[PDB]
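Novice: Chains as they are written, first to last, in the authors' numbering: chain k, 114 to 211; chain m, 28 to 107; chain l, 55 to 161; chain d, 849 to 868; chain P, 161 to 337; chain j, 114 to 178, 189 to 218; chain i, 12 to 132. If you scroll down you'll find the structure; I have some questions about it.
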Amino acid sequence: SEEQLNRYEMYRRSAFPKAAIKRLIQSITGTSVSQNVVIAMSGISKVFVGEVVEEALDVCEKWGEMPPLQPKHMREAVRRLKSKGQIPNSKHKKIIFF
Amino acid sequence: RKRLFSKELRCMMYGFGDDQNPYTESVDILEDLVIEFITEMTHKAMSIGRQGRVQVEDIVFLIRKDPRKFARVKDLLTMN
Amino acid sequence: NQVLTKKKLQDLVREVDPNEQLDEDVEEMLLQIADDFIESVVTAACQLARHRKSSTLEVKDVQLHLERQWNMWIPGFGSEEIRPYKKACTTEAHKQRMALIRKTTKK
Amino acid sequence: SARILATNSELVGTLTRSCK
Amino acid sequence: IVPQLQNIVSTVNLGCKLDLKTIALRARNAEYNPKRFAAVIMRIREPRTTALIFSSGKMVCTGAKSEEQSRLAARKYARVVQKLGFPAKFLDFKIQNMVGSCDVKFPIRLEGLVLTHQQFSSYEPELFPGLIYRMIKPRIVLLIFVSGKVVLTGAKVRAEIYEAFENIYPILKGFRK
Amino acid sequence: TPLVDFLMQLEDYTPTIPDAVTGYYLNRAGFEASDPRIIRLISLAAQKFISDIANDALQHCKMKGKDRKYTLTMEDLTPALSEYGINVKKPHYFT
Amino acid sequence: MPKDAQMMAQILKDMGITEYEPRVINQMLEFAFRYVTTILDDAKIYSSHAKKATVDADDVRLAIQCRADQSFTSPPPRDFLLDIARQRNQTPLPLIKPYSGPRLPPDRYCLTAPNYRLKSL
């Protein structure tokens with residue numbers, strides 16, 4: 114239609130800027146990264162945003178609300194993703210044997 | 028901290044079906060989630076492989092388990 | 055002076071499966087679990103605040119207790135930029151004692 | 849390169865909203 | 161619409177082995193950087209043209225904008241090598257590549273173009289802001305942009321560029337914005 | 114039923130862990146396994162877990178670069204176990 | 012025998028343990044290495060949270076006390092078991108019906124159930 118073609122345009126053309134993530138990663142490493150790191154790390158974070166919004170619209174469709182996304186559907190989105198191990202936290206030393 | 032992903036993330040939520048005009052608080056939650064994800068991936072990458080260096084190989088091992096993200100990394104590298 | 059009021063709890067069950075009821079015993083136990091969680095998190099955060107030689111509970115030390123113990127990252131608040139991650143401060147005494155395990159093993 | 853992003857500030861996000 | 165050529169890459173064998181230091185020291189506008197690349201980079205001015213001269217006597221000539229201009233610049237490079245003292249014959253001259261570009265005068269919508277021709281078109285916005293469409297029969301690579309500018313590369317003759325543009329024009333008119 | 118479909122697929126796979134070994138560790142856990150397909154599913158799940166830990170260890174070993192024979196040293200197994208809930212901490216150099 | 016395995020036999024001898032397996036001393040040194048490198052794990056997280064340079068003694072003192080609730084949780088105290096009992100010990104004992112056959116709880120607390128199994132098709 115005429116909205117699906119505009120939505121497909123924003124699904125492809127949108128990206129995080131490489132001039133800021135290269136500034137963001139290098140504040141964590143200390144020295145330097147490469148261009149093929151920033152190209153991949155800018156691409157995984159678009160999949161991760163698409164992992165949340167496609168699942169936060171499943172929370173909103175499950176409850177009785179409309180397309181505008183309140184934060185109620187966004188804290189619930191991170192809760193359901195973390196219970197399936199999708200959201201990694203490297204500060205919780207987990208233990209499976211008890 | 029200011030918001031470094033305020034205008035970029037509003038195009039992306041529209042790309043996955045949200046609205047043309049999302050809420051500022053929802054955009055803020057998404058920006059915080061993206062920063063936390065990038066930080067976690069960078070620490071694990073520094074630990075795995077060459078200590079103190081984050082490489083594409085380390086990032087690929089880290090994302091190997093999740094199918095959607097692994098496919099995207101491979102496609103982007105091949106297209107590049 | 056109660057924090058959960060048995061209507062916010064009922065909507066928390068209605069959002070999961072709307073054809074589901076709790077019994078009086080289950081409702082009371084869930085309220086008790088909520089109260090216990092609040093008390094533990096608050097005490098630990100207050101101990102971390104006392105440690106920072108401060109007298110104000112910020113959000114930076116309710117973060118560190120939920121992440122390390124309860125596996126909870128509450129997204130929509132934001133932190134300061136994390137400092138460059140120090141990887142290995144291995145000391146000289148470990149660099150010379152572990153260089154004796156290999157000296158006996160291969161030589 | 850900047851024309852793919854310039855149209856990404858005219859169409860999406862015209863008014864800024866909020867929520868209680 | 162006609163596509164005008166912008167770049168012609170040709171190659172010519174001189175047949176005589178060259179030591180590059182005397183050519184770099186005697187000839188003008190000659191650049192030699194061995195720790196970087198193993199050829200002599202000499203530019204002329206009348207036809208804005210650049211030659212990489214190699215030590216085995218093979219020369220790559222690039223920058224001209226027709227076949228006759230590329231051949232005339234290659235002859236000029238051969239005679240400026242000749243007059244230094246090397247016996248240089250114009251053995252074989254072959255044009256490796258011809259590059260042309262054109263404007264089709266309307267904005268193009270690339271998402272339908274990758275939707276209906278995904279066998280021959282690889283399009284990734286993030287890195288390159290363009291769509292690579294590979295024509296199977298002409299053997300040309302076309303960078304199609306959203307603003308309407310098309311770049312045709314990877315051709316040996318002029319008629320291949322012309323036939324590839326006449327091939328890809330009705331598809332682009334069918335996908336006007 | 115996903116579990117039933119998986120059992121139908123299993124009607125061919127034979128696990129490395131034998132049924133008497135698995136059928137004994139269910140006896141210490143609290144039941145005598147009557148149906149010999151439940152034993153097979155549990156054994157296959159355990160086999161998958163061990164295989165994943167070992168393969169992650171092999172991947173760390175291959176990444177350090189030595190390419191002839193791969194030894195299952197503790198330096199490759201200890202980071203490979205921490206991705207699951209096994210946190211070993213072995214000492215060295217007892218003073 | 013290092014000086015901390017020579018002292019680990021002294022600790023078990025000071026208890027009522029005179030006859031132990033020789034594998035026990037190798038086990039009680041792995042537990043004692045895992046404990047101090049978990050306290051000093053948390054004592055480095057708390058030093059950076061208060062933003063200091065070294066690991067002081069008040070960081071290790073907090074790291075000891077803030078993991079005596081999850082890593083080494085206790086059986087319930089004597090002041091709590093007395094209060095739970097003395098309200099349970101005040102309701103009277105009920106009377107017994109004369110002929111009820113097998114005396115059992117209600118059916119949702121017992122293990123009597125039809126206990127199905129798959130049709131081996």
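Backbone N, C-alpha and C define an ideal beta-carbon position, used for all residues, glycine too.
1) Please report how far the alpha carbon of j/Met176 lies from the alpha carbon of j/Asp199, in whole angstroms.
2) May I ask you to report which of helix, strand or coil DSSP gives P/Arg231?
3) Cα separation between l/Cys143 and i/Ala54?
4) From l/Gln101 to i/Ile75, what distance separates their C-alpha atoms?
5) Measure from the alpha carbon of l/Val96 to the alpha carbon of each residue in l/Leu111, l/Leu85, l/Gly130 and l/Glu82, then state which is nearest.
6) Sort i/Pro103, i/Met19 and i/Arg72 by Cα distance to i/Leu40 and report the nearest one.
7) Under 9 angstroms between C-beta atoms, does d/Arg851 make it to chain m?
8) Taking 9 angstroms as the threshold (beta carbon to beta carbon), is m/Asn48 in contact with chain P?
9) Given a cut-off of 9 angstroms on the beta-carbon distance, is the pair P/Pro285 and k/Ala128 in contact?
10) Let me know if m/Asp85 comes out buried or exposed under the rule of 16 or more other beta-carbons within 10 Å of its beta-carbon.
11) What is the residue span of the alpha helix (DSSP H) that k/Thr142 lies within?
12) Compare the C-alpha of k/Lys185 against each of m/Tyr50, m/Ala72 and m/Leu89 and name the closest.
13) Please determine, among m/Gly42, m/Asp46 and m/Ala72, the residue with the shortest C-alpha to C-alpha distance to k/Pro201.
14) So, P/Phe325 versus P/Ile268, is the Cβ gap smaller than 9 angstroms?
15) How is P/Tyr237 classed by DSSP in three states: helix, strand or coil?
16) Specify, as a first and last residue, the run of the beta strand (DSSP E) that m/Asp59 falls within.
17) Of all Cβ atoms in chain i, is any one closer than 9 angstroms to the Cβ of j/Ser205?
18) Contact criterion: CB-CB distance below 9 angstroms. Does k/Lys207 meet it with respect to chain l?
19) Can you tell me whether P/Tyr293 is buried or exposed? The criterion is at least 16 other CB atoms within 10 Å of its CB, across all chains shown.
20) Measuring only between beta-carbons, confirm whether l/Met152 sits less than 9 angstroms from chain j.
21) Say whether chain l places a C-beta atom closer than 9 angstroms to the C-beta of j/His173.
22) Note down the Cα distance separating m/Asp59 from k/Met154, rounded to an integer number of angstroms.
23) Should d/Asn856 be labelled buried (16 or more other beta-carbon atoms within 10 Å of its own) or exposed?
24) In whole angstroms, give me the CA-to-CA distance for j/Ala146 and i/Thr123.
25) In chain B, which residues lie with their C-beta within 9 angstroms of the C-beta of l/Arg122?
26) Using alpha carbons as the reference points, say which of m/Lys101, m/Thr66 and m/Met40 lies closest to m/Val54.
27) So i/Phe91 is in the alpha helix (DSSP H); what residue range does that whole segment cover?
28) Can you look up i/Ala79 in the DSSP assignment and give me helix, strand or coil?
29) Just to confirm, is the Cβ distance from k/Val162 to k/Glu189 under 9 angstroms?
30) Please report the straight-line C-alpha distance between m/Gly42 and j/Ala158, rounded to a whole angstrom.
Specialist: So, from the listed chains and residues:
1) One C-alpha to the other measures close to 11 angstroms.
2) Reduced to three states, the DSSP call for P/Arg231 is helix.
3) Each residue's alpha carbon lies about 15 angstroms from the other.
4) Cα to Cα, l/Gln101 sits roughly 13 angstroms from i/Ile75.
5) Per the Cα distances, l/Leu111.
6) For the residues i/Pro103, i/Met19 and i/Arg72, the minimum Cα distance to i/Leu40 belongs to i/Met19.
7) Among the residues facing chain m, d/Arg851 is not included, as its CB has no counterpart in that chain under 9 angstroms away.
8) In terms of beta-carbon proximity, m/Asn48 stays away from the interface with chain P, with every pair separated by 9 angstroms or more.
9) Against a cut-off of 9 angstroms, the Cβ pair of k/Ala128 and P/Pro285 comes out as a contact.
10) With 16 or more other Cβ atoms within 10 Å, it is buried.
11) Under the DSSP assignment, k/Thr142 falls in the alpha helix (DSSP H) whose first and last residues are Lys131 to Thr142.
12) The shortest Cα separation from k/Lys185 among m/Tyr50, m/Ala72 and m/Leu89 belongs to m/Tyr50.
13) For k/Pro201, the closest of m/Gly42, m/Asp46 and m/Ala72 by C-alpha to C-alpha distance is m/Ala72.
14) No, they are not a contact pair.
15) Looking at P/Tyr237 - three-state DSSP - the assignment turns out to be helix.
16) Where m/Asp59 is concerned, there is no enclosing beta strand (DSSP E), although the alpha helix (DSSP H) it sits in stretches over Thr51 to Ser74.
17) Chain i, which has no Cβ nearer than 9 angstroms to the Cβ of j/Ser205, makes this no.
18) Output row for k/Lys207: interface = yes.
19) It counts as buried.
20) Under the 9 angstroms criterion on CB atoms, l/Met152 is classed as interfacial with respect to chain j.
21) Closer than 9 angstroms: no.
22) In a straight line, the C-alpha of m/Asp59 is about 16 angstroms away from that of k/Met154.
23) Buried, since its Cβ has 16 or more Cβ neighbours within 10 Å.
24) Distance between the alpha carbons of j/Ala146 and i/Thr123 is about 18 angstroms.
25) The chain inventory of the structure shown lacks chain B, comprising the protein chains k, m, l, d, P, j and i.
26) Comparing Cα positions, the closest option is m/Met40.
27) From DSSP, the alpha helix (DSSP H) with i/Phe91 extends over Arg89 to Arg99.
28) In the three-state DSSP reduction, i/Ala79 falls in the coil class, being neither helix nor strand.
29) Not in contact: k/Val162 and k/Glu189 (Cβ atoms no closer than 9 angstroms).
30) Approximately 39 angstroms, taken between the alpha carbons.
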